[PDB]
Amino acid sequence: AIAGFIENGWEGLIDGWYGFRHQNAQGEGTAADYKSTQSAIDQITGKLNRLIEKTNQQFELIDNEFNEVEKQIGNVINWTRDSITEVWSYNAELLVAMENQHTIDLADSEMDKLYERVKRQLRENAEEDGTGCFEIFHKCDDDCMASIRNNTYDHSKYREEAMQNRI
C-alpha cells in the first residue's frame, strides 16, 4: 500500500518537498530530504529575485486627464501607449507561461535526480517496482533505512545476501 512519485504526490509530507517513505518490519515511516528540497527552493527563489524587479526608469505625464490635449497628438499618444500595452501584455503572459513550464519541469527533475541517486546507492541490492520505489532484497531496519537517506548505505555489506535473494 506504499507508493512513490510515479503514482502521485504525498499530502502527508509537510517537512519538505521531497522525501522517503519506507516499509519494513518496524513499520512505515516518512522523512524529508533536506538537500533536494533546498535545491528546488533556491532555484524558485532565484526566479522570484529576478522577476520581482523594479524598473529604475521614471516616466512623466504627456497627457492631461483634466484638460484634453490637441486631438492629433492625443491620438498619436494613445496609439503609442496602446501598442506598448500590447507588447507588455504579451511579454507578461509569455513570461509566466514559460517560467511556469520551467518551474514544473525543474521540480520534476529534482525528483528524478534523487531517485537516480538512491538507485545508484542500492546498486545490485534492490529492484525498481515501477511506482518510484525500490524493493530491497535484504532485511533493512530503521538504521539501514536511515543510512539510505543520509547517503551512507554501503551496498557491499548486503550484496551477498541480496543477490542470493534475487534468485
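Start at 1 and count along the sequence shown; that's the residue number.
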Per the entry, where is the mean C-alpha temperature factor higher: 96 to 104 or 29 to 37?
-> 29 to 37
Looking at the entry, does 54 to 62 or 107 to 115 show the higher mean C-alpha B-factor?
-> 54 to 62
Grab the CA temperature factor for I44 from the record and place it in the lowest, middle or highest third of its chain.
-> lowest
Lowest, middle or highest third: where is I136 by C-alpha B factor in its chain?
-> middle
Third of chain Cα B-factors occupied by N67 | highest
